[PDB]
Amino acid sequence: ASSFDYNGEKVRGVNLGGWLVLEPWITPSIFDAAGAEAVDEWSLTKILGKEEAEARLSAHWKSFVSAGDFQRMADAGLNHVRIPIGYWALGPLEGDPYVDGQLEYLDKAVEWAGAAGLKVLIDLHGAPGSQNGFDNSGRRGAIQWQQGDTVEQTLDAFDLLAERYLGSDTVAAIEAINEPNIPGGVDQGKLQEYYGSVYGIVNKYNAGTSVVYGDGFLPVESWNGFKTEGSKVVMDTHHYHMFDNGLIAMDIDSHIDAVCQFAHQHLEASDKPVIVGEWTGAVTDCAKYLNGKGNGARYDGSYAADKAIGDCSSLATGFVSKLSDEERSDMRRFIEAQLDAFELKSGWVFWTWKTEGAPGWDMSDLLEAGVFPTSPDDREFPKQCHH
Ligand SMILES: CC(C)CP(=O)(O)O
Ligand code: NA
């Protein structure tokens, strides 16, 4: 029934973060070229105006990703690419600063992914009004998704996206919405209705396509009993160690233990396939603009009055060649542990393929540096998490 057997085959993926939905920490140069107030795609496009925005963003859409990216992904042993796209690619709302033109590039991605033997997971990453208040939704600040006609507008966009892509076997799965922020104020009951509607849309166009649901930052197993359907419905949980005070304080051994505990207590408790649809090699929040442009870092005490653990100058910018052998070794230990833990359930999708230099966050960097394994058998350290 299913284009990809999420029940019985492991996902090994990367995200194309920052490509069709721009994010300051992923491409700081583009935001900094429009000044201090350009802190998300909304403000960036608004500052530039429609003509200049289309010029600068389209330059990036074209240059950031080629067919050779996808071939390198396949060479790294991957079988999936998760591709963020904003609602505005399917038509900016009246009054939106956003420009479109992204779909021509997503069309190319589907072609290139197919040629390389990869599946694509299309991810609706930003919804009208913002589902999370994060910069990566398009507009940081408030959560106004579920107000007014925002949800209907989201479904209108989703429908067009599904219609456009679900005729291709390359597109194995589609995600309802990236990181709906339940603790931030998204209503779960209404979210579940949106999920029900998304499932109907997918089944109008191709019942063979899997539907991906984010856990909304609730424990993934809490979603037991909702749309439990084998390979058809896949939960997406995002697992990071730098956005919580407990995890960020850990040493490498403790980080690794926490990954295994997460797999055993959460991934293995879900009644559905669960991809870890975002995770990374970094263990600090030092990357420039990671908490938002104009915000600092927990790690060095510059965010939320957290107490400094260490300095961020080494890990804020640049490429892992700048680090020591031991630092790369520890980073690889943490990556191997996640690969093995997350393959206990349904697999994994690394965040992200490519940056302007954010140590531990850039798979293309880590691969070339020998930090990222290229197969399940490619292990420099003992297996850290077991059945
Ligand atoms: C804090 C985290 C969960 C959200 P962002 O910093 O990635 O936007
Ligand atoms: Na790190």
# chains A, B, ... in the order shown; residues from 1 in each chain; ligands from 1
call {"tool": "closest_atom_pairs", "arguments": {"of": "stretch 124-224 of chain A", "to": "stretch 30-49 of chain A", "cutoff": "7 Å", "atoms": "only C-alpha atoms", "output": "tab-separated table"}}
result
residue	atom	partner	partner_atom	distance
A:135	CA	A:40	CA	5.1
A:138	CA	A:41	CA	5.1
A:139	CA	A:42	CA	5.4
A:140	CA	A:40	CA	6.6
call {"tool": "write_last_selection", "arguments": {"atoms": "C-alpha atoms", "output": "short mmCIF file (atom, residue, chain, number, x, y, z; two decimals), in the first residue's frame"}}
result
data_model
loop_
_atom_site.label_atom_id
_atom_site.label_comp_id
_atom_site.auth_asym_id
_atom_site.auth_seq_id
_atom_site.Cartn_x
_atom_site.Cartn_y
_atom_site.Cartn_z
CA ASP A 135 11.73 32.67 12.77
CA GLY A 138 8.50 32.76 8.37
CA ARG A 139 7.66 35.30 11.08
CA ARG A 140 9.00 35.22 14.61
#
call {"tool": "select_by_dssp", "arguments": {"residues": "stretch 164-327 of chain A", "states": "alpha helix (DSSP H)", "output": "PyMOL selection string"}}
result
chain A and resi 164-165+188-205+245-248+252-265+313-316+325-327
call {"tool": "closest_atom_pairs", "arguments": {"of": "stretch 175-249 of chain A", "to": "stretch 308-328 of chain A", "cutoff": "12 Å", "atoms": "only C-alpha atoms", "output": "tab-separated table"}}
result
residue	atom	partner	partner_atom	distance
A:242	CA	A:309	CA	11.8
A:245	CA	A:309	CA	10.3
A:246	CA	A:309	CA	11.8
A:247	CA	A:309	CA	11.9
A:248	CA	A:309	CA	8.7
A:249	CA	A:309	CA	7.1
call {"tool": "atom_distance", "arguments": {"atom1": "atom CA of residue A:232", "atom2": "atom CA of residue A:157"}}
result
21.5 Å
call {"tool": "residues_near_ligand", "arguments": {"ligand": "ligand 2", "cutoff": "9 Å", "atoms": "only C-alpha atoms and all ligand atoms", "output": "PDB file with N, CA, C and O atoms, in the first residue's frame"}}
result
ATOM      1  N   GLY A 281      24.410  17.273  15.069  1.00  0.00           N
ATOM      2  CA  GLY A 281      25.679  16.890  15.672  1.00  0.00           C
ATOM      3  C   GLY A 281      26.153  17.850  16.769  1.00  0.00           C
ATOM      4  O   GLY A 281      26.969  17.454  17.594  1.00  0.00           O
ATOM      5  N   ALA A 282      25.642  19.078  16.776  1.00  0.00           N
ATOM      6  CA  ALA A 282      25.980  20.092  17.780  1.00  0.00           C
ATOM      7  C   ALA A 282      25.362  19.737  19.131  1.00  0.00           C
ATOM      8  O   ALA A 282      24.268  19.180  19.217  1.00  0.00           O
ATOM      9  N   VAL A 283      26.060  20.117  20.217  1.00  0.00           N
ATOM     10  CA  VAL A 283      25.509  19.985  21.542  1.00  0.00           C
ATOM     11  C   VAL A 283      25.457  21.314  22.269  1.00  0.00           C
ATOM     12  O   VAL A 283      25.102  21.303  23.442  1.00  0.00           O
ATOM     13  N   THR A 284      25.759  22.418  21.582  1.00  0.00           N
ATOM     14  CA  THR A 284      25.599  23.730  22.185  1.00  0.00           C
ATOM     15  C   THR A 284      24.669  24.541  21.290  1.00  0.00           C
ATOM     16  O   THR A 284      24.408  24.117  20.151  1.00  0.00           O
ATOM     17  N   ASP A 285      24.166  25.669  21.802  1.00  0.00           N
ATOM     18  CA  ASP A 285      23.373  26.609  21.031  1.00  0.00           C
ATOM     19  C   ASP A 285      24.190  27.844  20.623  1.00  0.00           C
ATOM     20  O   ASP A 285      23.664  28.948  20.444  1.00  0.00           O
ATOM     21  N   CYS A 286      25.490  27.631  20.420  1.00  0.00           N
ATOM     22  CA  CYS A 286      26.418  28.698  20.088  1.00  0.00           C
ATOM     23  C   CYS A 286      26.280  29.227  18.666  1.00  0.00           C
ATOM     24  O   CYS A 286      26.710  30.337  18.385  1.00  0.00           O
ATOM     25  N   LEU A 315      32.418  27.624  18.447  1.00  0.00           N
ATOM     26  CA  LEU A 315      31.315  26.864  17.876  1.00  0.00           C
ATOM     27  C   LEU A 315      30.275  27.770  17.226  1.00  0.00           C
ATOM     28  O   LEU A 315      29.255  27.277  16.715  1.00  0.00           O
ATOM     29  N   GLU A 327      37.740  17.000  19.531  1.00  0.00           N
ATOM     30  CA  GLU A 327      36.438  17.633  19.348  1.00  0.00           C
ATOM     31  C   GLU A 327      35.664  16.956  18.213  1.00  0.00           C
ATOM     32  O   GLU A 327      34.468  16.682  18.362  1.00  0.00           O
ATOM     33  N   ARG A 328      36.320  16.651  17.095  1.00  0.00           N
ATOM     34  CA  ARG A 328      35.643  15.916  16.024  1.00  0.00           C
ATOM     35  C   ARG A 328      35.288  14.492  16.427  1.00  0.00           C
ATOM     36  O   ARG A 328      34.278  13.937  15.968  1.00  0.00           O
ATOM     37  N   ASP A 330      34.560  13.395  19.522  1.00  0.00           N
ATOM     38  CA  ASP A 330      33.410  13.452  20.415  1.00  0.00           C
ATOM     39  C   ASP A 330      32.136  13.755  19.625  1.00  0.00           C
ATOM     40  O   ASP A 330      31.050  13.259  19.967  1.00  0.00           O
ATOM     41  N   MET A 331      32.255  14.620  18.609  1.00  0.00           N
ATOM     42  CA  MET A 331      31.084  14.952  17.807  1.00  0.00           C
ATOM     43  C   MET A 331      30.628  13.691  17.071  1.00  0.00           C
ATOM     44  O   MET A 331      29.426  13.379  17.009  1.00  0.00           O
ATOM     45  N   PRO A 359      29.243  24.921  13.230  1.00  0.00           N
ATOM     46  CA  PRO A 359      29.857  23.647  13.548  1.00  0.00           C
ATOM     47  C   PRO A 359      28.925  22.640  14.195  1.00  0.00           C
ATOM     48  O   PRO A 359      28.250  22.980  15.154  1.00  0.00           O
ATOM     49  N   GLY A 360      28.925  21.428  13.625  1.00  0.00           N
ATOM     50  CA  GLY A 360      28.090  20.314  14.064  1.00  0.00           C
ATOM     51  C   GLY A 360      26.702  20.254  13.406  1.00  0.00           C
ATOM     52  O   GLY A 360      26.017  19.242  13.566  1.00  0.00           O
ATOM     53  N   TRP A 361      26.283  21.329  12.733  1.00  0.00           N
ATOM     54  CA  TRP A 361      24.937  21.434  12.161  1.00  0.00           C
ATOM     55  C   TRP A 361      24.884  21.154  10.643  1.00  0.00           C
ATOM     56  O   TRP A 361      23.813  21.212  10.052  1.00  0.00           O
TER      57      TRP A 361
END
call {"tool": "residues_near_ligand", "arguments": {"ligand": "ligand 1", "cutoff": "12 Å", "atoms": "only C-alpha atoms and all ligand atoms", "output": "ChimeraX atom specification"}}
result
/A:17,23-26,39-40,125,130-141,178-184,216-218,237-245,278-280,284-293,295-298,303-304,351
call {"tool": "closest_residue", "arguments": {"among": "A:384, A:199, A:162, A:51", "to": "residue A:97", "atoms": "only C-alpha atoms"}}
result
A:51
call {"tool": "closest_residue", "arguments": {"among": "A:231, A:265, A:375, A:210", "to": "residue A:77", "atoms": "only C-alpha atoms"}}
result
A:375
call {"tool": "decode", "arguments": {"residues": "stretch 317-360 of chain A", "atoms": "C-alpha atoms", "output": "compact mmCIF listing (two decimals), in the first residue's frame"}}
result
# COMPACT_ATOMS: atom_id res chain seq x y z
CA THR A 317 30.76 30.03 13.01
CA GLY A 318 33.04 28.15 10.65
CA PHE A 319 33.65 24.54 9.64
CA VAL A 320 34.72 21.51 11.70
CA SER A 321 38.25 21.55 10.18
CA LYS A 322 38.84 24.44 12.67
CA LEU A 323 38.38 22.07 15.66
CA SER A 324 40.70 19.54 17.31
CA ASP A 325 40.81 15.83 16.57
CA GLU A 326 39.28 15.15 20.00
CA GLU A 327 36.44 17.63 19.35
CA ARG A 328 35.64 15.92 16.02
CA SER A 329 35.93 12.52 17.72
CA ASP A 330 33.41 13.45 20.41
CA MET A 331 31.08 14.95 17.81
CA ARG A 332 31.22 11.69 15.85
CA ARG A 333 30.53 9.70 19.05
CA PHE A 334 27.34 11.70 19.57
CA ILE A 335 26.29 11.25 15.92
CA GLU A 336 26.92 7.50 15.90
CA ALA A 337 24.91 7.14 19.09
CA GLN A 338 21.94 8.95 17.55
CA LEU A 339 22.09 6.93 14.33
CA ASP A 340 22.00 3.67 16.25
CA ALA A 341 19.38 4.81 18.81
CA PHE A 342 17.07 6.28 16.20
CA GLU A 343 17.35 3.23 13.95
CA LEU A 344 15.90 1.21 16.84
CA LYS A 345 12.55 2.73 15.87
CA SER A 346 12.05 4.12 12.33
CA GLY A 347 15.16 6.17 11.51
CA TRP A 348 16.24 9.72 11.32
CA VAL A 349 16.59 12.90 9.32
CA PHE A 350 19.54 15.18 10.15
CA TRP A 351 19.16 18.97 10.42
CA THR A 352 20.68 20.32 8.10
CA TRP A 353 22.44 19.63 4.78
CA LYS A 354 24.18 22.97 4.35
CA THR A 355 24.92 26.23 6.17
CA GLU A 356 27.33 29.19 5.95
CA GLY A 357 29.33 27.49 8.71
CA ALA A 358 27.67 26.30 11.92
CA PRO A 359 29.86 23.65 13.55
CA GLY A 360 28.09 20.31 14.06
